[PDB]
Structures are given as C-alpha cells and as structure tokens.
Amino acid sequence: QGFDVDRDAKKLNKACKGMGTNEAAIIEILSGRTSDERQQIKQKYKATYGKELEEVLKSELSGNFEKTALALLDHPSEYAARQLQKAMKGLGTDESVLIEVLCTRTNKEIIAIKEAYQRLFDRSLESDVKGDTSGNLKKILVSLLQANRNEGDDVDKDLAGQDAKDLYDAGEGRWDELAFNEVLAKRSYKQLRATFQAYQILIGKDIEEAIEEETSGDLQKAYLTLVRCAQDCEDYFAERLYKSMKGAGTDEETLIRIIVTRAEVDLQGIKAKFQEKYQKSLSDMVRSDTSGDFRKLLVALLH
C-alpha cells in the first residue's frame, strides 16, 4: 500500500537499540549475580511467569551468547557434565576436555559432576570414560573418578622423599606407570608440592622434564596437568585461556567453560596470574579476540 523506506529504517533502528537495551539487562543479571542467586531467579521466573527461563532464552538467543547464558544458568557441576558428555565422541578422539576437568577438580567437585552426569544422561560418567579411553589414560582418569584424594592440611616430609625416589625409579623401569598414577592422583596438592621440590633436589631435574621424557600422548598431558594443578592451578588455567585465543578462529568453547566453571572458585586468581604471565589483562584479550554480545557478556563476567 506504499513502500516507506523512512518508516522501515526507523523501526529497525528502534528494534536494534531495543536489542542492545534488553541484552544489557540480561548481561547485567547473569554477570551480576552468584550461581545460587541465579538459581533462585530461575526458579522464581518459572513460578511467576509459567515458563522455564532457559527455554525462553533458547528461542531468543543464539551462538556463543546463548551458550554462555545457558552455561551460567546451570550449576557449575552440571555444565562440566554437559562439557564432558559433548567431548566424548569415541576412542581415539580428542581427550583434552576430559583431562582438563578431572585433573583440576577436588573430591567434592568430582562427586558433584558424577551426580550431574548420571542425572542428565541416565548413565554413569565412569562407564562412558571406560568406553572412551584406554591404556594407562583410562586407569588414571577412572582413578580420579573415585574422588578419594588425600585432602588434609599436613605434609609428611619423609613420605614426600620416598614418593620422589619412587617416581624416579618408575622412570627407570624398576618394579613405569602405576607409581605415577598412585602419587599424582591420591596425594594432596600440598603433599605433591613437597614431593616435587624433593624430586628437584634428589634428581636435579624438575618433575615435568621427567614426565616429558618418560611419557607421551594424552597420558603425558594428564600427568603434566596434575602437576601444574598441584603447583599453581591458576597459572594453568591462565595458560589454557591464553592458548585458546591465539588465532582468528579462537576455541571459544574452552573460553566459556573455564570462565563459567571457575568463576566462584579461582577466577580472580586466574586473572592475576594471567596479567603477571602475559603483561596483558585477560579482559583486554577477550575484547581483542571476541565480538558482539558474546564479547560484552564475557567482559562483564571478568569485571
């Protein structure tokens, strides 16, 4: 009945500036509330308005802005379970996500992940791990799933000395992998730090050199991850955040998983170690390697 170019270009402007206002409100709520507060909001939303909040966002958000929003609406253990289930695509496939989660979680966190996995997918996380890995990698990951790591406060100096000697002899092929599995999975992080410094004194190498020389493949990555996590877990995640950005493609899945799951664990320590390690802030590199509403949400999560 009459093409009005000025009318159409006007309500497009009104709609676009409305998108930015609403997304700003969504970003404000998701990045300004704790996980428990977000759970209270999500429950109150469905009671008052009769719809599941996660469902409403699925129908109006897209891309990595939607993935981050739904990740923040899950419990940290639930999103970790969704990440593990998504990454297990058969034997021989990439295992980095399974190594990252299991080698950096406490006993209570691993138990919460195993509970979430069983509830979300009607199967045990251990069964899928046994069917997706093999060799000594299966042993160590299934071992970590037992969630029985020593988590006391005390250090046994004589035990740290004996473990260091046993780890060196296992690299020489005495009584080659069962010793690394037992020490790295069951000793406390504080006990392992004493074990590593004793290994440096006795042998002359740091334990990471010995691992790089005596192991390879995904098993080496798991041992190095357990060592890095016990010495400085914030430095580990800072490097994983950095390496996931170098490139125009950018593994944004790793970016979301680390920022969301570690938010109320050690995200502030990760940001400090990141600045000290790369002379740039983690937030500054998000702006350099992301864009759109997804960048705006991550920057808000980094404060």
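Start at 1 and count along the sequence shown; that's the residue number.
In the deposited entry, the stretch joining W175 to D176 is interrupted by 1 to 3 residues of the deposited sequence lacking coordinates. Look at the mean CA B-factor for 293 to 301 and for 1 to 9 in the entry; the higher one is 1 to 9. Mean CA temperature factor is higher for 89 to 97 when stretches 154 to 162 and 89 to 97 are set side by side in the entry. As recorded in the entry, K46 carries the highest CA temperature factor of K46, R240, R33, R262. Sort the modelled residues of the chain by CA B factor and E276 lands in the highest third. Among the modelled residues of its chain, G131 has a C-alpha B-factor that falls in the lowest third according to the deposited record. Among all modelled residues in its chain, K114 ranks in the lowest third by Cα B-factor. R105: CA B factor in the lowest third of modelled residues in this chain (values from the PDB entry).
In the deposited entry, the Cα temperature factor of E182 places it in the lowest third of its chain's modelled residues.
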